[PDB]
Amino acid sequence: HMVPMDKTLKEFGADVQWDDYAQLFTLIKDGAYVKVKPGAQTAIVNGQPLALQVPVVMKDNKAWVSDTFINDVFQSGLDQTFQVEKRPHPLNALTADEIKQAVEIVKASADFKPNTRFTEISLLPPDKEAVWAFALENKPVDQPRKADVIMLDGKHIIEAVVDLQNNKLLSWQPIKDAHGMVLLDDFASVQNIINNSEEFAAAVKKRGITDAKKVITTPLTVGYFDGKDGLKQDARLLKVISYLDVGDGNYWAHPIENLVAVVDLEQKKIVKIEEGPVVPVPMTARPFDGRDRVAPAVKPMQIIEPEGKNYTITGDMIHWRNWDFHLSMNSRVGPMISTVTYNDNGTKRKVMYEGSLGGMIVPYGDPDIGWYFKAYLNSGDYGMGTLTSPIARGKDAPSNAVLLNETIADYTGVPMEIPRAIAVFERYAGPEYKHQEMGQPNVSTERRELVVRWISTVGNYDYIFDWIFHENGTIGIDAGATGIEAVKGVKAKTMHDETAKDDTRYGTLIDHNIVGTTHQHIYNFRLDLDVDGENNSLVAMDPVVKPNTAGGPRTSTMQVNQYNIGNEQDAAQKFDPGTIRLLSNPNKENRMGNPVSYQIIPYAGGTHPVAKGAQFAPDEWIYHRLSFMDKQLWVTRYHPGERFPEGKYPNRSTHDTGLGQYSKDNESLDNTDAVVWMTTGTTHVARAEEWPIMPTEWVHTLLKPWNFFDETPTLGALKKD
């Protein structure tokens, strides 16, 4: 029997184009580009013919296909984009069965407790050396597949390690004073606790809210203030900021200002309610989904690759041109790019062992009750990988992208598949190079970049990260920010109102009674680069103007001050875009005797004002707890247990357990396994163009080969010799 072609293909997620003049259907789904004419006994998949027992049937203007059409066509094998991995890569993320296995093991322990939750269940990484031997020498990793299982027992954190290969518990270690991150059920609990609160309902009523059932809460970490906030350091708490649901799908546009509840999660109750001046809730409808807008007409534009892609995805390994890397997912930080090599005329040279987002923070600068403690450590306290936002095909990624699914463990230990978790796409990026010598034939080649894109949404903000692989060896890392602004309710409608001046001291008036409170977006990337080997050194090249001592008319010259940076303490610094910072390999040189290196550029530009550091006085606790915010460049000695700029357990942390801690012993960085950390941020002063919803704003970072190669990397294969 048969099924309706359009409805089915759409369900399946494929793009369907019908050409009435050619009597042809063009279907696109990831690596598959298909053409099929009604009644034809064959279809075309990526330029190759595929026989069809049951042809597409056109009946009274509707197309119908066999119930096996989707599988016969899309899983035929003519689309070679994906290939089966034969020997499992040691860095492959835990499978669904491994996740379940790890959970059964801890649950089999005499200490496991019933309400125990899982903040993170991830692969315990094999030793770096073996992983490289597997990637470069294909040597098997004879070390048991293990898993780190971080558990939250009520409010207590416990770390356990399970031996997946032998199915047994290796360690069970409680971690004192550590608080666990915010888990999904905490959101529902806060909403429910607020809904059952008699006092809160009364506080809300005096603030002009009739139906307390329309109040939407949002859970926020309280941070640490040495008690000045009057909060017990031992309790598992969350502060709650509320908004009113007016039915326009954007409760964020209706803040109930100056009302903050403090909820104790173990106690399941509001332990404190801070109330400030009453501010009338902004009620005007401000939808961002277009319900009240006209859909403008736009002509179609598609980027197509009719014969398939230039890259191949074997299991989780991606091969594209000279690049080879492994791509996996972690529930905390998202995507992890591993064992990155660049094939230099037959030899795979190491570039990066492991790269991923280290952590990020969005701190506010308003001192009022509903804002003084507001600082979001999105990955650390919320879990960005778990909050991945499925890619909206053709909108969040170009129409020629391939969308990957990724699996991780939810907070109850059950496997979870995030659909369209990461997008992979090749794109035209202008001329790779060009030279039009006068009177001679032109010379130009196009530039191609391979992009790996991932989006994660935490509350009101959506963040986009692109890991950009340039064909010429350069690696770009861009961070985009969009979503809905966290706003403050104010009495002024315009800057001509009496309280205007005071209402906008900490932010711009972006709408009537609405202020986009100033804040920063600070991202940090953990890049374990291994420049053509493990042992590297940090080198500084500062371009300078020096007096001319060679004679002739010039008074000055352009020279460079080159010097090594021998320790972690001196490597932690601000980044001057006018200078050059290299991670060199003092053991290997290019054809000219120069050390093979990678130039590190933590600041390659951005569309919002740039954050010069943390916009906090040096005596602020957030400033003290999180030193990674104030420096753009950090370099530490490799250690398998140092992966977060903000530290492993940042919720209500009392001291820097991150980059401040990783560099405190000021170790030597001379000819050793170094790990680069790049911090780049923006200082967001709002404007009306960003409300009700903000247009994506981007920040760029870059890693460029510096004398890593001996000539223009994309000139091509040498014809003679």
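Numbering starts at 1 and runs along the sequence shown.
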* Which wins on mean Cα temperature factor, 5-13 or 693-701? -> 5-13
* Structure fact -> When mean C-alpha B-factors in the record are compared for 126-134 and 389-397, the larger belongs to 126-134
* To do: Select one of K491, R427, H470, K272: the residue whose C-alpha shows the highest B-factor in the crystal structure entry.
  => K272
* Asked: Out of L220, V190, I510, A110, which residue has the highest Cα temperature factor in the PDB record?
  -> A110
* Could you look up the Cα B-factor of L529 in the entry and say which third of the chain it sits in: lowest, middle or highest? => middle
* Asked: Going by what the PDB entry lists, where does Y662 fall on CA B-factor within its chain: lowest, middle or highest third?
  -> middle
* Modelled-residue ranking by C-alpha temperature factor, third containing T284 -> lowest
* Lowest, middle or highest third: where is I70 by Cα B-factor in its chain? -> middle
* Structure fact -> Temperature factor at the Cα of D656, chain-ranked in thirds, falls in the highest
